[PDB]
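[1] sequence-free structure coming up:
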């Protein structure tokens, strides 16, 4: 059982956190983008672009800019294309929003 040294994805945590976000008419208050692993270029992940000023994201106090988003309202956003990710957040119904997050390189 020789674990990998200076390799295993550390940028994020192996434990995702479900943040309860209350969507509104306009929708959410955050953004997302497509990322590419520095070791695996053939692999992409969705990150938290940024939290709109006083946006649902910030309000709740669970999301942060730089964290890797797992899913939104039970939606596998793994290796998903930005376009797809955005559409998923737009197609998602209003109200409570159960989305996971992977603590990443935060400057806070």
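    Yep, it's here. Numbers count the residues shown, from 1 in each chain.

[2] when you work out contacts or count neighbours from here on, use the C-alpha atoms and nothing else.
    Fine.

[3] not counting sequence-adjacent ones, nearest residue to the residue positioned nearest the centre of the chain?
    Closest residue to the average C-alpha location of the chain: residue 69 at 1.7 Å, with C-alpha atoms, centre = their mean. Nearest non-adjacent residue to residue 69, counting by C-alpha to C-alpha, 6 or more residues apart in numbering: residue 101, 4.6 Å away.

[4] which residues are in contact with the residue nearest to the centre of the chain?
    45-48, 77, 99-102 (C-alpha atoms under 8 Å, 6 or more residues apart in numbering).

[5] returning to that earlier point: run a quick neighbour tally on the residue nearest to residue 69.
    Residue neighbour count, defined by other C-alpha atoms under 10 Å, stands at 23 for residue 101.

[6] list the contacts of it.
    Applying C-alpha under 8 Å, 6+ apart, the residues near residue 101 are 16-19, 63, 67-71.

[7] where exactly do the strands run in the protein?
    Using DSSP state E, the strands of the chain run over 17-23, 30-36, 44-51, 68-72, 95-102.

[8] ok, back up a step: which of the contacts of residue 101 count as buried?
    Neighbour-count burial (16 or more other C-alpha atoms under 10 Å) is assigned, among those, to 16-19, 63, 67-71.

[9] I'd like these written out as a markdown table, with distance to residue 32 added.
    Formatted as a markdown table, the buried ones among the contacts of residue 101 follow (distance: C-alpha to C-alpha, whole Å):
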| residue | distance to residue 32 |
| --- | --- |
| 16 | 17 |
| 17 | 17 |
| 18 | 17 |
| 19 | 15 |
| 63 | 11 |
| 67 | 10 |
| 68 | 9 |
| 69 | 8 |
| 70 | 12 |
| 71 | 12 |
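
[10] from these, pick the one nearest residue 107.
    residue 67 (11.0 Å; C-alpha to C-alpha).

[11] so what touches the biggest helix by length in the chain?
    Under DSSP state H, the helix in the chain containing the largest number of residues is helix 82-91. If you take C-alpha under 8 Å, 6+ apart as the criterion, helix 82-91 is touched by 27-28, 32-34, 46, 72, 75, 77.

[12] one more pass at 7 Å, please.
    33-34, 72, 77 (C-alpha atoms under 7 Å, 6 or more residues apart in numbering).
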